[PDB]
């Protein structure tokens, strides 16, 4: 359980919960990929623009909170997060979602509120994630 990435990275295999919310982050360092036991990651209320492709290494991740950032795109590698059950994307600037998000077979909770560009894509997005509660 950590609130600091530098601190988490001193023993990357002991970190299961990481709360980096409200840390004014503009990038997520690719070193995040060494936290391979991570199960919950809170990145809400930062200034992120996208995610590194190394996010794919968080294979044990269950919840990913990116609410209230500045995200314009997600890498296709987001679809490799096989265990992911919750994804918070509210309040970003997303132009689209990658089709690979449909590979998230365990995704149950997805928040997309206040992503203007996605509003016309709603029905398409629900057909891509037909077992996901989408807010």
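Numbering follows the first chain given and starts at 1.
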Which of 58-66 and 78-86 has higher mean CA B factor, as the PDB entry lists it: 78-86
For 20-28 versus 123-131, entry-based mean Cα B-factors point to 123-131
Identity of residue with top Cα B-factor, from 103, 46, 36, 72: 103
Where does residue 9 sit by CA temperature factor within its chain: lowest, middle or highest third? highest
Compare the C-alpha B factor of residue 95 with those of the other modelled residues in its chain, then answer lowest, middle or highest third. highest
